[PDB]
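[1] What shape does this take:
(2 chains)
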Amino acid sequence: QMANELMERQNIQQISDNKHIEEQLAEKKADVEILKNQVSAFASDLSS
Amino acid sequence: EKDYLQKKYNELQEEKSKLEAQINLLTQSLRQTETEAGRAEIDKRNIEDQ
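    Numbers count the residues shown, from 1 in each chain, chains lettered A, B, ... in the order given. Take a look at the structure below.
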């Protein structure tokens, strides 16, 4: 029982790290789309 | 549960490295695109002065 408790605590810490990484990743993909759009817009500007 | 969560962590970090590299690439691309747009403005300016 005690080992189960401790390992589940460790699992929960793992999950916290995972979801922190996940929110970072959501920010990153939003940045990716925004930056692609910005690159295309400024490329069209440069074309003109 | 522990092992599955660890595997998810691993693949998640893999895709995180992928997207971080892509972000660096595209941010630098936008940087240079904007700088060259400004320089194109400078070039039209010089030609019109001539």
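[2] contacts, neighbours, all on C-alpha from now
    Fine.
[3] Tell me how many other residues surround residue 1.
    Answering for chain A, as no chain was given. 6 (other C-alpha atoms under 10 Å in any protein chain shown).
[4] looking at chain B here, not the other one
    9.
[5] Who are the contact partners of it?
    Residues near residue B:1 by C-alpha atoms under 8 Å, 6 or more residues apart in numbering or on different chains: residue A:11.
[6] Please report how far it lies from residue A:18.
    13 Å (C-alpha to C-alpha, to the nearest Å).
[7] do the same with residue A:2
    In terms of C-alpha to C-alpha, residue A:2 sits 24 Å off from residue A:18.
[8] okay, those two: which has more neighbours?
    Set residue A:2 next to residue A:18 and count neighbours by other C-alpha under 10 Å: residue A:18 wins out with 19 against 7.
[9] near chain B, anything from the helix or strand hosting the more buried one?
    Per DSSP states H and E, residue A:18 falls inside helix A:2-47. Yes. Helix A:2-47 comes into contact with chain B (C-alpha under 8 Å from any C-alpha of the partner chain), by way of A:7-8, A:11, A:14-15, A:18, A:21-22, A:25, A:28-29, A:31-32, A:35-36, A:38-39, A:42-43, A:45-46.
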